[PDB]
> 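Let me give you the structure first, and then I'll get to my questions.
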Amino acid sequence: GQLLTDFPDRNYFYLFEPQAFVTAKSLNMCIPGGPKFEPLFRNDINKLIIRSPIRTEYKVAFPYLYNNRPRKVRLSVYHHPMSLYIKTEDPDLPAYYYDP
Amino acid sequence: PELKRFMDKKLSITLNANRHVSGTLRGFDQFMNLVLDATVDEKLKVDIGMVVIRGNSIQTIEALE
Amino acid sequence: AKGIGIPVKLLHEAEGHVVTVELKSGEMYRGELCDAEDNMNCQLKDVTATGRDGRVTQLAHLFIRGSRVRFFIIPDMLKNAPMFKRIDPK
Amino acid sequence: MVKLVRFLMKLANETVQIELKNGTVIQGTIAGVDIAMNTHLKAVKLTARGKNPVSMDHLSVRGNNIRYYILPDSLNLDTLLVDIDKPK
Amino acid sequence: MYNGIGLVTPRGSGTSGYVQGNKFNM
RNA sequence: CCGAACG
RNA sequence: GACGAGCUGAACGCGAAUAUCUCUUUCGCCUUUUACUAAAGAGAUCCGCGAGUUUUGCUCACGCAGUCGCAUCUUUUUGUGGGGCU
Ligand SMILES: [Mg+2]
Ligand SMILES: [Mg+2]
């Protein structure tokens, strides 16, 4: 453990799994703590509305909704169900216990 | 048992040696004893009141409804 | 279930169909079996009674004690039960 | 476990007779008797009430409609009588 | 992150490829 | 980013 | 109605680890070629890996043996008998 340091959930990497990075490279847009990838390949203002910015986790979390010309991609941010496990610490408590 | 679907209903119960007693059901057992209200002997034309019939004393039962 | 032989589960899967019932007394009973017992007590509906003298009578429902009953006549449609096929040599 | 069906199921390959509940006569060889007293016979002839005999290569008879058995005169009864008290 | 700004490849252009946010933005 | 040969 | 560890053979197949190469292109190093960069593809190779009987090598082990060719009160194998009419 002290080398593992602690366990991973399939959870945490919602935009950090491979699929995040496939969607990243296919759109030439990269996670903030995420690596670089050079291109794979190479809009009226009055009629288009901005109330919130199309962010990169946005186009990265729905690649075909938010991106014109997305391709060569596998799937996107699909989430594993939430995990209601918390580390029981001390071996004296019952095996089965209510978390506060 | 399906006698449960019959609760409080007028019945025609046939018994051994060709006998008919017709009375609104009142209850039954696992041994299919049957208690009836206002039972009528269809042979002699007599309303015989509340009765209990034995299990193997039940050939068949019909529902007039 | 465990302990129970095939033909009574045949009788059960015959549920919801129109079948015939011969009892040891010789009269015939054609109707839609609602459900039946481990002890072959069964409930049919839309009942045709064929008495010993050819008498044809209309009965709405029937509950038949099994140890009163001689045999059952069941559609060969239902003779395709998984027991029938599974046991079969082919 | 009764004594007597305990005795009867060891009648395998016994060439014996049987009387039925309604009066039918059967002479044939016991291929098996089971805990329900139902017997399957081989090398059989069955003769119904007032009827001509008809022979059967094999026959099945229900334990309940059996009136009785006629056993061989050549029977070592006290051979098959031991072990009936033995539970297996 | 790369919210639609600048170089896709920081290879043949002559910088180390870091995109700092303006502390002067309003 | 980042170094070796040859001419 | 019934019994393996280790090696080489099997002939079929790519949990989680991945490096190299070739080709067709683009891009960048940039005098040239090697040697490289990073993109797109198309192809190989390496280092390994799983199951079937083939036994080679046990250093283990066996055969009256675990198994053979549901057991008396109303619903089941302890049946309601007997007679006789067309
Ligand atoms: Mg030259
Ligand atoms: Mg020169």
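What you see below is based on every heavy atom in this structure, not just the backbone, and it leaves out hydrogens, waters and symmetry mates. Per chain, numbering begins at 1; letters A, B, ... match sequence-line order.
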> How long is the span from the CG atom in A:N28 to the OH atom in E:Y2, to the nearest 0.5 Å?
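If I round to the nearest 0.5 Å, the distance is 10.0 Å.
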
> Can you tell which part of A:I54 gets under 4.5 Å to a heavy atom of chain E, answering side chain, backbone, both or neither?
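The answer is the backbone of A:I54.
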
> Do E:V8 and A:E38 have side chains that get closer than 4.5 Å, going by heavy atoms?
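Side-chain contact under 4.5 Å: no.
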
> Does OH in A:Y64 sit with more than 12 non-hydrogen atoms of other residues, nucleotides or ligands closer than 6.0 Å?
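More than 12 within 6.0 Å, yes.
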
> Is it true that, when you exclude A:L93 itself, more than 12 heavy atoms of the residues, nucleotides or ligands shown sit nearer than 6.0 Å to its CG?
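Enclosed.
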
> Give, for atom CG of E:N3 and atom CD of A:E57, the distance between the pair rounded to the nearest 0.5 Å.
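E:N3 atom CG to A:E57 atom CD measures 10.0 Å (nearest 0.5 Å).
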
> Can you tell me if CD1 on A:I49 sees more than 12 non-hydrogen neighbours from other groups inside 6.0 Å?
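No, CD1 of A:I49 has 12 or fewer neighbouring heavy atoms, counting only those of other groups under 6.0 Å.
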
> So, for E:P10 and A:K36, which heavy atoms are closest and what is the spacing to 0.1 Å?
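Nearest pair, atom of E:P10 first, then A:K36: CG-NZ, 3.4 Å.
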
> Just so I know, are the side chains of E:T9 and A:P39 near enough to count as touching, which here means a heavy-atom distance under 4.5 Å?
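They are in side-chain contact.
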
> Give a yes or no on this: more than 12 heavy atoms of other residues, nucleotides or ligands lie within 6.0 Å of atom OH of A:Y85.
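Atom OH in A:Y85 is crowded, with more than 12 foreign heavy atoms closer than 6.0 Å.
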
> Would the number of heavy atoms belonging to other residues, nucleotides or ligands and lying under 6.0 Å from CG of A:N43 be above 12?
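Incorrect, the count does not exceed 12.
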
> Let me know if A:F37 has heavy atoms under 4.5 Å from chain E in its side chain, its backbone, both or neither.
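Contact with chain E: backbone only.
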
> For a 4.5 angstrom cut-off between non-hydrogen side-chain atoms, does A:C30 reach E:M1?
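Not touching, per the 4.5 Å side-chain cut-off.
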
